Amino acid sequence: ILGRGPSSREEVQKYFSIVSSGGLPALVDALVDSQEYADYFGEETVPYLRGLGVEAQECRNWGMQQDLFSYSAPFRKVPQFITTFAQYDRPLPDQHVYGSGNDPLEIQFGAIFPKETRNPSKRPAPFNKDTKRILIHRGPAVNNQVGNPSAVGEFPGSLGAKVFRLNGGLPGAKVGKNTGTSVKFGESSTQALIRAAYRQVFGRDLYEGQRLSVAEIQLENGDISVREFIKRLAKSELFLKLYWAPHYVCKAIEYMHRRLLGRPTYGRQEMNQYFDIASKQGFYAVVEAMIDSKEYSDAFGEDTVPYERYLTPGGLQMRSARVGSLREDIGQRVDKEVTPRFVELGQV
Amino acid sequence: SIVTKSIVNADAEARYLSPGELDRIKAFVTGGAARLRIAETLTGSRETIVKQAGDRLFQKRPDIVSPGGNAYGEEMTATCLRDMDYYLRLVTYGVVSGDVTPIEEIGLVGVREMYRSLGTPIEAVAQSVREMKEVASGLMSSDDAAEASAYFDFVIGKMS
Amino acid sequence: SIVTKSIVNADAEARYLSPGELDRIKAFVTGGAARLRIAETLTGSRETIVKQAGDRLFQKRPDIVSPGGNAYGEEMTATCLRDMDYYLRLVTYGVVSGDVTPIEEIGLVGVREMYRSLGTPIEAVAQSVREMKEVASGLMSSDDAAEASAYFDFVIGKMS
Amino acid sequence: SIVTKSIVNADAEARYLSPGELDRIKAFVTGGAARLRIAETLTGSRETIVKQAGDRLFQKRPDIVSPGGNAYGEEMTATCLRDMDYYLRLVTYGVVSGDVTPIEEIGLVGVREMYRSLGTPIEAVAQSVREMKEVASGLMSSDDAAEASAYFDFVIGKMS
Amino acid sequence: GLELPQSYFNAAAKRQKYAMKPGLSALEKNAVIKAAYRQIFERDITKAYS
Amino acid sequence: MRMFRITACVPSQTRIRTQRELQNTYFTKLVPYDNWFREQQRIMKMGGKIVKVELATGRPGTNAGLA
Amino acid sequence: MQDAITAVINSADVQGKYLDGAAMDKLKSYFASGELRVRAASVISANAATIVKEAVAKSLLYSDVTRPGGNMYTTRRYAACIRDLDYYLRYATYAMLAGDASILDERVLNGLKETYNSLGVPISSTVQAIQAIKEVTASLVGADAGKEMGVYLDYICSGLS
Amino acid sequence: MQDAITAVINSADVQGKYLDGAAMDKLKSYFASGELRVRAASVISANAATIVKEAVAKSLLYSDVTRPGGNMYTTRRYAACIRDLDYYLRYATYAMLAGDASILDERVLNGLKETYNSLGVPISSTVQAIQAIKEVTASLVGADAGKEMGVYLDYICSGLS
Amino acid sequence: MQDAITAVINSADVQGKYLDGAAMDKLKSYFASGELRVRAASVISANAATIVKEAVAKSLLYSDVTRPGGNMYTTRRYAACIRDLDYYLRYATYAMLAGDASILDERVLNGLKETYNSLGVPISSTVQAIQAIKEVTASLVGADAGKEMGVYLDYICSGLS
Amino acid sequence: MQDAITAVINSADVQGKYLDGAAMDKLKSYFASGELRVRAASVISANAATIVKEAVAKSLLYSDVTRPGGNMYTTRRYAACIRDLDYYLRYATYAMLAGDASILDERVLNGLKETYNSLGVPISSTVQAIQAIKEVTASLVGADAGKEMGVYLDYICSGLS
Ligand SMILES: *[C@@H](C)[C@H]1/C(=C/c2[nH]c(/C=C3N=C(/C=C4\NC(=O)C(CC)=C4C)C(C)=C\3CCC(=O)O)c(CCC(=O)O)c2C)NC(=O)[C@@H]1C
Ligand SMILES: *[C@@H](C)[C@H]1/C(=C/c2[nH]c(/C=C3N=C(/C=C4\NC(=O)C(CC)=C4C)C(C)=C\3CCC(=O)O)c(CCC(=O)O)c2C)NC(=O)[C@@H]1C
Ligand SMILES: *[C@H](C)[C@H]1/C(=C/c2[nH]c(/C=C3N=C(/C=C4\NC(=O)C(CC)=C4C)C(C)=C\3CCC(=O)O)c(CCC(=O)O)c2C)NC(=O)[C@@H]1C
Ligand SMILES: *[C@H](C)[C@H]1/C(=C/c2[nH]c(/C=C3N=C(/C=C4\NC(=O)C(CC)=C4C)C(C)=C\3CCC(=O)O)c(CCC(=O)O)c2C)NC(=O)[C@@H]1C
Ligand SMILES: *[C@H](C)[C@H]1/C(=C/c2[nH]c(/C=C3N=C(/C=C4\NC(=O)C(CC)=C4C)C(C)=C\3CCC(=O)O)c(CCC(=O)O)c2C)NC(=O)[C@@H]1C
Ligand SMILES: *[C@H](C)[C@H]1/C(=C/c2[nH]c(/C=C3N=C(/C=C4\NC(=O)C(CC)=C4C)C(C)=C\3CCC(=O)O)c(CCC(=O)O)c2C)NC(=O)[C@@H]1C
Ligand SMILES: *[C@H](C)[C@H]1/C(=C/c2[nH]c(/C=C3N=C(/C=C4\NC(=O)C(CC)=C4C)C(C)=C\3CCC(=O)O)c(CCC(=O)O)c2C)NC(=O)[C@@H]1C
Ligand SMILES: *[C@H](C)[C@H]1/C(=C/c2[nH]c(/C=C3N=C(/C=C4\NC(=O)C(CC)=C4C)C(C)=C\3CCC(=O)O)c(CCC(=O)O)c2C)NC(=O)[C@@H]1C
Ligand SMILES: *[C@H](C)[C@H]1/C(=C/c2[nH]c(/C=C3N=C(/C=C4\NC(=O)C(CC)=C4C)C(C)=C\3CCC(=O)O)c(CCC(=O)O)c2C)NC(=O)[C@@H]1C
Ligand SMILES: *[C@H](C)[C@H]1/C(=C/c2[nH]c(/C=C3N=C(/C=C4\NC(=O)C(CC)=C4C)C(C)=C\3CCC(=O)O)c(CCC(=O)O)c2C)NC(=O)[C@@H]1C
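Chains as they are written, first to last, in my numbering: chain A, 1 to 348; chain B, 1 to 160; chain C, 1 to 160; chain D, 1 to 160; chain E, 1 to 50; chain F, 1 to 67; chain G, 1 to 161; chain H, 1 to 161; chain I, 1 to 161; chain J, 1 to 161.
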C-alpha cells in the first residue's frame, strides 16, 4: 500500500494494534486513510516501490526494506521489522557470533541448521571479538566453568549427561588369567564404552560396515586411549562425509565443537582459531586441535568419553519448555492450595 | 552372575554394595533352590525339547531344510540340533547363574558375524529358540515358565 | 564420482588438487567413452541379465523360492527381480561415474539393516549380484567386462 | 607413491582397493615407461636446465645477487644452485613415483619457516622453480612436458 | 524527516507513475490496471492465472 | 605412519579422585608421530614422569615412505 | 555436493529410470570439457597466491578499505580478507572442476551472507575483490576456462549480493 | 573377573558338559556361605572409615612417614593414602562377596607395584597398613568370615610384595 | 610404508644421487609385474570372503580347536580369529600390490608374536590357517600370481611364527 | 542494473583515464552485434509462447513433476511454471541485449534461490526446463543467436544450481 517498509518500532506497534483490533479491513483502511498515502499517491496514482533512488532512504530499516522490496518477501515468514526494532533497543541475543543460522538444533544426532534460502530467517547481530556467549551448564549450576574454572573435571551426577570412563579393567590387560577364562566378566563394559564413544562422535549408532574395527581392537587391547579413539573416530572419513563436507565450514566447526567438547563455542576467539586452522591445514588439524586443546584435557582425561556439558538457552528452552517436562514453578505463580478452613472445621 | 554384576555396578559408581542389592543377593541365595531345580529339570529333559523344538522349527520354516539351504542334509541338520543343544546349555547356565551376561559373552557376542560367515539364518535361529521357549513353557509350571522366559526372551532380543 | 571424491579429499587437507588426482581425473575423462559403451550395453540389455541371473539364482538356491523362504511367491519373486534391476542400475551408475561412491550412497549403506528387517539373506543377494556379473561378462567384450566387473566386486565385498 | 597413497587410503578406510584406484595403478604401471623416459631426459639434461634457470632468475630479480641480498657471493649463489639441483631431483622423484608424497616427505614440509629462518624469499624460490619448469618444457617434448610441469607447478604452488 | 539532493533523483531509474485519468484510452487504462495489480500482488496475477 | 610406543606416569595434584585412576595414571600407549610432540608436552606440562619411549613402527632416518 | 556426472545420476535416480540418450549426451559434453578443466585447475593451483595478490592490488590496496577506519586496516583484518579470497578461489576451482556450483551452496554460500552481516564486512568491497579475482584469473587461465571461472565467481558474487 | 559361580561355569565350559553333581555341590556350598558373606560385607560397608582409622592409628601414625621427609607428610599424600586404603578395603569386600581374587588380579594388582616403585610409595609400610586393616576387620567381623577376609588381604600382600 | 618405488627413491636419497640404471632395472621389473599384481588383487577382492570361509571350513572346523576346550570355541574367539584371518588376507594383498613386505612389518608384525604368546593363540594352528589361505589363493588366482602371493604369505607366516 | 556500456564507462571512470585501447574494442564489438541481437529479440518476443510450449513439451511434460505428487500437478502451479519460464526467457533477452548479466543478478538471482527453496520447486527440473528453452531458441533463432541467448540462460542455470 505505502510502497515502503515499516519505519519505526512505534509505527509497528500502532499498526499491530490496529490489525489486532479490527483485522485486515481495519489495517487496510488505516493504511490508505493516512497522511502519507494521500501525500505520496494522492487519489488517482498507483502506489510505487519507493526504493533507493526514488527518495531519501532512512538509516534505520535499510536491510529490512531491502529484503522486503525483493519479490521473495512473501517467503520470509518470520517478521523482520519488529524483531530488528526490538533487538535494536535490547542487548545482544542468545545467538552464534556468525549468525542465527550457525546454531545447530540441540538434539541427539544430526547437524540440523537453519537455511538462509529455505524460509529466510537470518538475524545478524554485531558480535565483536571478545564476546563470550552465556552457556547453561548441564550439571550443577555452581559447577559452571565461567565462575568455577576448577570445576571443569567435576561430574554431573543426576543433573547432566551420563559419563563413560574406562574405570573397569579392559580384558586381556594382564596375564593373571592364564588362558581359558571363558566367563571373563569385563568386556561388555568396554564394548558399551566403545558404543557410547561412537554415539558421541556420531550421535546415533552406526551400521555394520562403518565401524573402525582396528581402533576398536586397539582400545580393547589397550594400545590407544579413549582420547586417541575419539580422535580417530572424528578423523575417520565417515565424519568427513557426514558432518564436514555437506555443511558450511563454520557450521561444521560449531557442530564438531558441540560433539567433541559437549559445548558450544564461546565466540569469535575460538571460532577464529579453528577457522584459521581449517584454512591453513584442514579438517584433520581442526579435529586434533580440538582434541589436544587444554579444555578437552581438563574436562575429560585419557579415559573419559566426551559428554554434553553445556547448552544454549534456546536449546534448553526447546528441551524444557514443552508441555511435558516443564515444572509448575518455572514461569508461573504457585498458590499453595490447602483444604479450606470450613472443611477442616467440618471434619470431626 | 548378578553378584558379579552388582560388584561391577558398585565399582563403576565407586562405592560399596548398596543394602538394596545386598538384599537382592539375599533373595538370590534364598531362591537358589528353585533356581537350580529348573536347571536340573532342563538338564534331565534336555533331549526332547531340542528334538521337538527342532521339528517345530523345520515345519515352520522348511526353507532351511530344503536343498540349497544352510541346514539341508543329515550332517547340517545334526549340527543345527547341536547348536540348538548348545544354546539350551547356555540357557541352563543363565538360569542357574541368575544373570544374562555369561550367556551374552559365551555365545551371543560375535554371533552376527559368526552366522554371517556361516550363512546361517539368524532369524531362523531366533525362531528355534522361540520354539524352545514354547516347549519349555509347556514342560514347566507357569511361574517357572515366566522366570525362564526372561532369559529366553533375552536370547530372542539379542538374536533379533 | 572420482571428481567429487578428489575434491572432498582436497578440501579435507585444505589444499588444491594434487597432480596425481589431476591425472586420475584426466585419465577418467579420456577413458569415459568405454564406460559409456558399457553402460549403454547394460541399459540396452538390462532385462536379459536380470532374467538369466534370476534363473541361475533360482537354480542354485531353490530354498529362496521354497515355502517358508524370503522370496516365496509370485509377488515376492517380482520384488526379487526388482531388487536385481535396482542393483544393475546402480552398477551402471558406478560404471558411468568411475567411482563407487554413488553405489555406496544409494544401495550399500544400511543395506544390512534393511535386509535384516526384511528377513532377506544377504549372501543370497550377493550370489544374485555375482550371477549378474557372470551374465554381463558373458554378454560384453573381455576388457570391458573385466573393467565393469570391479563395481560388481565392490558390491560383493560390501554385501557378503 | 601413488600405490603408497592408495594402500594407506584403503587401510585407513579398512577395506580392499577400490576399482578406480586399481585402474589408476594399472594405467600408471603401463605409463611408467614414458615416466622413466621423462626421468632419464631430466637426469641427462639436469645441469643446463638449472644453469639457464639460475641465470634467468638472476637477471629477473637482481636483489638476490645484489649486496645485502640473500645470495651475495659466488659460494652463496652456488648454494642456491645446489638447492635448485635438490628441487629438480625431487621433481624427478615425483615423476617416477607418480605422486607428490616424496616431495612432501623430503622438500615441502616446513619449507616456509625454513626459508624464513634462512632469510631466503620463498617467492623467489617459486620464481626459480618457474624458470626451471619453463626451461625444461622448452627443452624436452611438450606432451611429456605437460606431465613434468604438473609436478613442477605443484611444487611452485606449494612454494608460493 | 529526510533530505535528498536533486542529482540523486536524476540518474537512479525513476519509477513510472500510473495515474488513472477518467478519459484514458483502453491501452493505457489496462496498463494502469495491470500496474496496480503488480503493485498490490507483487506480480501480474490477471496474466498469470486470470 | 610411524608410531611411538610410550609409557608414562601422571599424578594428581589438585583433587583426590575417588574413582579408580590407575589406568589413566600409569599407561602404555601408541601415539602418532605428528601428535607425539603435543601429547608429550601436554602430559609433561601436566607433570608426569615418562619412563619409556620407543619407535614401535618405522625406522630412523627415513627420507621417504614413512607415512 | 555433486558434480555434473553425479547431478545426472541423481536426477535419473530420482526419476527412477536408467540413463537415456540426453543423459549420455550431457555426460559426453562433460567428458569433452574435462581436459580444459583439468589444465585450468593446474594453472590456478600454480598461481593460487599470485592471483589473490594481483587481484587485491588491483582492487583494494591504497583505498579506503586499507586506510585507517576501513575494515582491512589491521593486520588480522588483512589476514582474514586474504583467507577469504583464498577460500573463494579454492572453492571456485573446485566448482570449475566439478562443473557444478553445488559445492558453493553447501560449503560457501549457505550462511556467509549472515556471517558477513554480523561481522560488518562490506560485501560491495568483497564483490569488487572477486571481480578483480575474475579479471586476474581470466588473464592467466585462458578464454573458455576464464568464462567458467567467471561464471562460478559471479555465482559467488550473486550469493553474496 | 570370575566368582565361584562363574568359575563353576568355566569348569563346565572347558570340558563342554552340563553341570554335574560336584559343581552343583560347589554352588550349594557357595549358597551356604553367601549369608555370612553378605552379613560381613554389610558390616564392612557400614564401618568402612573406622577400620581405616584404627588401622592407620595402630600402624602408620607417629612414624617417620608422617614426620617430614616421609611419604605421608603432605596432606594430599595423606588423603591419597586414606583413599588407597579405602580402595583396598572395598576391593577386599568385592573379593569376599565374589569368593575369588580375580577382581584383585585384574583391577588393583595390574600395575600397582610398579607405579608404587615409580612414585616412591613404601611397599613395606603399606603392607603393614594392609596387615593392620586385616587385624581390624578380623576383630570386627569375627573369625568366621575373618579367615576369608585374611585370605584375601594377604593375597593382596603377596601380590603387592 | 615402503614399496619398490619408494625403496628406489630412498636408496637414491641415502647417497643423495639421482636414479641410475641399477635402480632403473628393478623399477622396470616392478612396472612389468604390476599388471599381474592388479589382476591377482582383483581376484582376491572378488573372492575375499569365500576364500576365508572355505579355508576355515576345510582347515579347522569340526576339530579340537573349535571344540570346547579349544581356543576357538567361544563365538567371540571365533569372530576374533575370522577378523584376524581377514586382516592377514587383506594386508598380504596390500603387500602383494605394494611389492614389499614393509607394510606387514609395520602394521601386522608390530608386537603380535608377544601378543599371541600372552593370549595363548596356537602358533601351529595359525600356520596351518595361513597355509590353507595360501593354497586356496594359489588355486584361485593362478600359478605364478599365487606363488608371488605366497611369498608374502609365508614371509608373514615366518614373521608371526 | 548496468549494461556493457555502463561497465566500460565505470571501469574507465574508476581508472580515471579515457577509453584507450580495449574499451573501444568492447564497445565496437557490442555495437556490431547489436542489430542482430535486436533482430533476435524481435523473433523471441514475437514467438515467445512457442519457445515455452516446446520447452515444457520436450522436458517437463509426461513426468513425475506433472503427475500427482509432483510440483507441477495443479493448474495454478502449472501456470506459475509457465510464467517463470516466460520470466527466464524475457530476462535472458534483457541480459542478451544489455550485454551484461547485472539485470539477472539484481532482478532474477537476488531471490530466486530462496523462493525456490522455500516453495519446494525442483532445481534440477527447472534446470532441464531452461536447457529445453535454450535448445528451442537455438533451433528457432539460429546457432549464433542461440549461443548468445544460451550463455545467459546457462548463467541462470548456474544460478539455479
Ligand atoms: C480432452 C480432455 C481434451 C484434450 C486433452 C489433452 N490434455 C493434454 C495434456 C495435459 N493436460 C493436463 C491437465 C491437468 N493435469 C492436472 O493435474 C490437472 C488438474 C487436475 C489438469 C487440468 C496436463 C498436465 C497435460 C500434460 C500431460 C502431462 O501429464 O504431462 C493433451 C496433450 C497435449 C500435448 O501437446 O501433449 C491433450 C491432447 N485435448 C482435446 O482436444 C480435448 C478437448
Ligand atoms: C517450471 C518453471 C517449474 C516450477 C515453477 C513454479 N514457480 C512457482 C511460483 C513462483 N515463482 C516465483 C519466481 C519469480 N517471481 C518473480 O517476480 C521473478 C523474477 C522476475 C521470479 C524468478 C515466485 C515468486 C513464485 C510464487 C508466486 C508466483 O506465482 O509468482 C510455482 C508455484 C508454487 C506453489 O506451490 O504455488 C511453481 C510450481 N515448478 C516446477 O516443478 C518446474 C520445475
Ligand atoms: C561523506 C562524509 C562520505 C560519503 C557519503 C555518501 N553517502 C551516500 C549515500 C547515503 N548515505 C546514507 C546515510 C543516511 N541516511 C539517513 O537517513 C541518515 C541519518 C539521518 C544517514 C546517515 C544513505 C541511506 C545513502 C544512500 C541514499 C541516500 O543518499 O540517502 C553517498 C552516495 C553513494 C552513491 O554514489 O550512491 C555518499 C557518497 N562518502 C564518502 O566518501 C565520504 C567519506
Ligand atoms: C521413518 C518413520 C520415516 C522417515 C525417516 C527418515 N529419517 C531420516 C533421518 C533423520 N532422522 C532424524 C531425527 C531424529 N533426531 C533426533 O535427535 C531423534 C530422536 C532421538 C530423531 C528421531 C535425523 C537427525 C536424521 C538425519 C540423519 C541422522 O541420523 O543424523 C531419514 C533420512 C533423510 C536423509 O536425507 O538422510 C529418513 C528417510 N522418512 C520416511 O519416509 C519414513 C516415513
Ligand atoms: C538471583 C539474583 C536470582 C536467580 C538466579 C538464578 N540463576 C540461575 C542460573 C544461571 N545463571 C546464569 C547466568 C550467567 N552466566 C554467565 O556466564 C553470566 C555472566 C558472567 C551470567 C549472568 C546461568 C548461565 C545459569 C544457568 C546455570 C549455569 O551456571 O550454567 C538459576 C538456576 C536456574 C535453575 O533452574 O537451576 C537461578 C535460580 N533466580 C532468582 O529467583 C533470584 C532472584
Ligand atoms: C541350526 C539352529 C541352524 C544352523 C546350524 C549350523 N551350525 C553350523 C556350524 C557351526 N555353528 C557354530 C557356532 C557356535 N559356536 C559355539 O561355541 C556355539 C554355542 C555357544 C555355537 C552355536 C560353529 C562353531 C559351527 C562349526 C562347527 C565346528 O565345531 O566347527 C552349521 C554348519 C555350517 C557349514 O558350513 O558346515 C550349520 C548348518 N543352520 C541353519 O540353517 C539353522 C537355522
Ligand atoms: C618498509 C619498512 C618495508 C616495506 C613495506 C611495504 N609495505 C607495503 C604495503 C602494505 N603494508 C601494509 C601493512 C599495514 N597496514 C596497516 O594499517 C598496518 C598496521 C597499522 C600494517 C602493518 C599494507 C596494508 C600494505 C598495502 C598498502 C595499502 O595500505 O593499501 C608495500 C607495498 C607493496 C605493494 O605491492 O604495493 C611496501 C613496499 N617493504 C620493504 O621491503 C621494507 C622492509
Ligand atoms: C576480504 C574480501 C574483505 C573482508 C573480509 C573479512 N572477513 C573477516 C572475517 C570473517 N569472514 C568469515 C567468512 C567465512 N566463513 C566461512 O565458513 C568461509 C569459507 C566458506 C568464509 C570465507 C568469517 C567466519 C570471519 C570471522 C573470522 C574472525 O572471527 O576473525 C574479516 C575480519 C573482521 C574482524 O576480524 O573483525 C575481514 C576483514 N572485509 C573487507 O573489508 C575485505 C574487502
Ligand atoms: C597408603 C596406603 C600408602 C601410600 C599412599 C600414596 N598413594 C599415592 C597416590 C596414588 N595411589 C594410587 C593408587 C590406586 N589408583 C587406583 O585407581 C587404584 C585401584 C582402585 C589404586 C590402588 C595412584 C594411582 C596414585 C597416584 C595419584 C592419584 O591419586 O591417582 C601417593 C602419592 C601422592 C603423590 O603423588 O603426591 C601416596 C604417597 N604411601 C604410604 O606411605 C602409605 C603407606
Ligand atoms: C585364528 C587364526 C586363530 C586364533 C586367533 C585369535 N585371535 C584373537 C584375538 C585378537 N588378536 C588380536 C591381534 C591383532 N590386532 C591387529 O590389529 C591385527 C592385524 C594387524 C591382529 C592379528 C587382537 C587385538 C585380538 C583381540 C584380543 C582380545 O581378546 O581382546 C583371539 C581371541 C583371544 C581371546 O582371549 O578372546 C583368538 C582366539 N586362535 C585360534 O585358535 C584360531 C585358530
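Note that beta-carbon positions come from the ideal geometry of N, C-alpha and C, so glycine has one too.
For I/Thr75, the nearest candidate out of B/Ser117, B/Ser142, B/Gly69 (CA to CA): B/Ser117
Separation of A/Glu154 from H/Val43, as counted between CA atoms: Whole-angstrom Cα-Cα distance: 31 Å.
As assigned by DSSP and simplified to three states, the class of A/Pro140: coil
Of the listed residues A/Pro79, A/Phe41, A/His96, A/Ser279, nearest to A/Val12 (C-alpha basis): Taking only the C-alpha atoms, the option nearest A/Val12 is A/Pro79.
Alpha carbon of F/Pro11 to alpha carbon of H/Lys113, nearest angstrom: 15 Å
Any C-beta of chain B under 8 Å from that of H/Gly21: no
Test: C/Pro19 CB closer than 8 Å to a CB of chain B: By this cut-off, C/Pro19 is not an interface position.
C-alpha distance - D/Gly44 paired with D/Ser137, whole-angstrom precision: 15 Å
CB of G/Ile133 within 8 Å of CB of G/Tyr88, strictly: By the CB criterion at 8 Å, G/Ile133 and G/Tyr88 fall inside the cutoff.
Residue-level contact to chain C via CB, D/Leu90, 8 Å cutoff: no
For C/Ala126 and C/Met159, the rounded distance between their alpha carbons: 6 Å
Heavy atom of ligand 1 within 7 Å of A/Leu92 beta-carbon: No - ligand 1 has no heavy atom lying nearer than 7 Å to the Cβ of A/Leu92.
Simplified DSSP assignment, three categories, for A/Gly99: strand
Helix, strand or coil at F/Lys29 [DSSP, three-state]: strand
Under 7 Å from the C-beta of D/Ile2: neighbouring residues of chain C: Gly20
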